[PDB]
Every structure is written in structure tokens, then in C-alpha cells.
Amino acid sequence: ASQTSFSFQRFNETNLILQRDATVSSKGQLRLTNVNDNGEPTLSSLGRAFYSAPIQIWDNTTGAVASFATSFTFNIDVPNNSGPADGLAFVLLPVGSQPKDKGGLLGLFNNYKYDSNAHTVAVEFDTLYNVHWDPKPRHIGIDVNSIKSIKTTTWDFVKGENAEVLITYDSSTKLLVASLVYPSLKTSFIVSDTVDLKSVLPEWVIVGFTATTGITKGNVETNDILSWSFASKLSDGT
């Protein structure tokens, strides 16, 4: 009924909303967090990037809820003698949303409690164990209004290898499914849970990414998006 789709193999700032440290490089890579002139990622970085047009997720007249899917390739790399931190996430957020706290909160939250007014749904690729809320192994998590994921799966993170993600949402079943594959390693990971978008999100949202680097020396990473495809469909009744 209403349908939107886009697909980019290279990025440009013109059709993106970039926040904080997010940049588009001369190679057309979406570099969510800061990288210095030496090619090295820096500490206490936070950036977010969204598609410039809002996307309708649900309709309060008809009660319809969109189905959507997104795919993207990302590269998280780590300097020798550091470990990675903190990760990146694909997000659906209110129009006008501004960055929240950095580090392990991923620019999405101000603390680690549930916040029913966060209006945040995200799929996180978390590279740093945060003792107060995370499982110990690195993980893909489904986040609904909290940094404490409603569901996670173990992610065997490998630095500098391109990761291909597919996230799908089927509004008939309310199932959100996230998967990651490393084509060069032939490894694959998947997590799934139900999410009630209509109870969490505004009718219109912005879609895109958030990422942070570690705040403590020895915990840092690049957070580069290399390609992105999104599609959504919302029924109108004809």
C-alpha cells in the first residue's frame, strides 16, 4: 500500500542525516565513529546516521503495521594491542531523535534501565561485555527500550572481516529476525523474537545506525557501514 525502498553500495551525505562523529569518507564509506588521519579509530566516539525521509511504521486509523527488511555490510576493525568496543546497531527511532549516552549505551540510552518512553527498537552488534547488563560472549541482540537486550545470540566476532546482516520484521507474526554472516569465514548467526512496534514506536520513524567506541584506552574499533538496502510496506486497505 505505502511502499519505500532504497539500496546503496556507496554513500553520500546529501540524502543522510548525520549526527555527531558520523562521516561519509572519500571512498563513500559510512564511517559512524571517528577515525584519525593515521587510519586509527579514536576513543569516546559516537556517531549516528539516518535516511533523510521518515518511514511510516504504523497507522493509528487502520491499525496496520509495516513489514520491513534491511540488509547491510559492515566492517569493524581493531588496532593491534587493543580489543574492540563498543559496537554498532541498526535502529528505528522517533523523527528528530538526538544522540544519548556514549560507550556501552551505544548513543541510544542514558542508563541501563528499561525506559518505556525511549521509543527505541534496535538490533545491536555488541563487541564489549558490559558487566551490569550484557552476556559475557560478544553477541547480536534485539533491543526494545533498553540496552538490556530482550534476546541475544552468541556472535563469533572477527576483526576486519566484512559482515553481511539481514534483519526482517513480519508484522503479521510480529517476529523480528536478525542474522549475520561472514562470507570469507563461512560462519553465520541468527536471533529472533517478537516485538510489538505499535506499542513501542511512533507512527513515523527514522531508520539508520548508531555506533560508539570504547571510553577506556585498549577498547576501540572502527564502525564502518559499506552498503545498505532497506524496504518497507504498510497496508492502506487500497
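Numbering starts at 1 and follows the sequence shown.
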Answer yes if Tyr129 is missing coordinates in at least a third of the other compared entries, and no if every one of them models it.
no
Read off the CA B-factors in the entry, average them over 75 to 83 and over 158 to 166, and name the higher stretch.
75 to 83
Taking only the CA atoms, which stretch has the higher mean B-factor in the record, 107 to 115 or 130 to 138?
107 to 115
Looking at the C-alpha B-factor values in the deposited entry, which of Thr70, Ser171, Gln29, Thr210 comes out highest?
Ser171
What third of the chain, by the recorded C-alpha B-factor, contains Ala1?
highest
Chain third (lowest, middle, highest) by recorded CA B-factor, residue given as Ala64:
middle
Which third, lowest, middle or highest, does the CA B-factor of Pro54 fall in along this chain?
middle
Relative to the other modelled residues in the chain, which third contains the C-alpha temperature factor of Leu226: lowest, middle or highest?
lowest
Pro202 CA temperature factor, ranked by third within the chain
middle
